[PDB]
Structure formats: C-alpha cells, structure tokens
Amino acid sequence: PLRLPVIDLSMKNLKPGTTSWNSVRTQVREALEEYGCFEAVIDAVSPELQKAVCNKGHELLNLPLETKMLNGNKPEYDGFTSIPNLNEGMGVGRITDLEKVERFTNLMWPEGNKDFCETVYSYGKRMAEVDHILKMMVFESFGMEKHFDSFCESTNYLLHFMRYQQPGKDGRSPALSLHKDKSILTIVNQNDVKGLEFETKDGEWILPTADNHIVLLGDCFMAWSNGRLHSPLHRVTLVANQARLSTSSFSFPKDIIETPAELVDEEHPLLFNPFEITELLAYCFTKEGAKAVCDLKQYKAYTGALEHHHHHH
C-alpha cells in the first residue's frame, strides 16, 4: 500500500544550522520533488488550539448564507461557496493581519466574537511560521538563499475551511473536484476524518489517514522552481458515512511569481513567464479558465518549452 513520505516537523527539529534541520530539509526537498506533498508531524499548534480552530470553522460555516456572502464574491480566495447536499466553505483572508481578522470577525458578528478572532489569528500566525521555515529549506536546497527574503516580502496568508456533509453511505463518495492548488504551500489538517487524495506522477492514488497534517506544493512554488518541484493533483473522496471539516493554510506571493534565471538551463528551459496570482486564481474559477485548474501549462504564462524529461539528447 502506497503512502506519502512522513516527515517530522516538530519544532525541536527546526533549529537552523543543526543536524536535524539539514536532514529534514533533505527530506522535504525529496518529497516535494517526487510526490509534491507529504504527511507532516507539526507541533507548532497545540492539540487544544487545533480543535478550537475546528470549532471556529463550524461556527463560521453555521452562519446564514447572506452573512457569509458579506465576505465577497471571490470564491477563488476567501468567498463562500457551496454545492447542494455536498460541501460548503469559505476563508478568512489575510489571516496574519490582525486588523483584517478583527474586521472580518466584526463583519460576521457585529456584536463581536473575541474568541473567534483570537483563535484563528493565533493559528494562522503559527502555521505561517511553519510555512516560512519550509520555504526557507526549499530555497536552501536549490542554493537560492540570496533570493529568499525578497520572495517572502508581504506574503499573503489564507485560512480556509471546507465542510462536507455526511455522504449517507459507506464506500467511496466523491466530495471535492480534482485540482492543483495555486498557493506556494498548503498545510492541511483533516480534523480526524480522511478524504484528501493525491495522484502520483505514475497515476497511482494515495489517500492518507488523518494521523498527521498534510503539506502540499502549489503551482506558485512549482513555477518558481521551473518545474523542478511537483505540484500534485488532489481531490477529496469520503470513505466513511461521516461529515468532514478541513482546516487549510495557504501562502500566496505578494503579487508576481517569476522563475529565477539560475533554475533555467539547457536541460530545463523556462516553462513559465511571470504571472500575477490574483489574475490566475480568478481565471481558474471561470468557465473558460477551467482548463488551468489542473494544469498551469494551460495558462497564458506557459512558454511552450519542453519539460526536463523531454530534453532531446
């Protein structure tokens, strides 16, 4: 039975310059190159905070439709969506900006909801720190430390909840459509109900248990790496008659993704011209842009150049 790599991201391993930092960095790079994702042991968020954030996700999604629609009409980022009798979700945009989180909380609860605001802000800050460390290891593995600070300037962080109602049957119940994330990195907590399912480069499907967190690569990091890393296709398939709520943390660039020239060579011609993230995400949620959801090569930034394995030699 296939399984994603399992990487120990406990804070005791994340001290830069140490032996454990180097061994984790090697495993992160290998996993994101081959699988594009891995199971992660993450202790930056206590179990108590993880369940509290889960409760806040339910509290938010329990709100009336018209209240949740106040968060805007951008489902590609934080806007509310739902499919009848199937799923629903929305996001808290810019979760690391306390002023925006306060504003969001008072928009949903005009009387105030201090417990909601403090909980989701504390969680978004802690997961952003894990995201920052993972990006730092990836940059080190490519020898691009000199570009790291500029790449992380004004990083946009998103906290997103998706809830899936009880499928009413055992066995496999498709619950979320196949896609690639357009993030830099995505960190997922399945809140003890599995369903997130990945395809491998070889066409095999891997459905992890809910034991650990899941870290996966988005198309922004893939494009930055000039295709040297893999952004994996993934979907949600319920495999039990029980409801599910996912807690996901996305990182996005300030605006523009550009492949460093150092990652372009003869065997790795430039795959993607620069592109802006908000434009790409909006396109993917249109009828005409559906083809880019599962393949960034369908987006206008694609150059038509051959992938590395197709280099003629």
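Heads up: residue numbers just count along the shown sequence, starting at 1.
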item	value
Per the entry, higher mean C-alpha B factor between 98-106 and 186-194	98-106
35-43 versus 259-267 - which carries the larger mean C-alpha B factor in the record	259-267
Out of 165, 209, 119, 141, residue topping the C-alpha B-factor column of the entry	165
Of the residues 87, 225, 237, 241, the one carrying the largest Cα B-factor as recorded	241
B-factor third for the C-alpha atom of residue 68 within its chain	middle
Among modelled residues of the same chain, the CA temperature factor third for residue 157	lowest
Relative C-alpha B-factor of residue 199, binned into the chain's lowest, middle or highest third	lowest
Third assignment of residue 173 from its chain's C-alpha B-factors	middle
Chain-relative CA temperature factor third for residue 112	highest
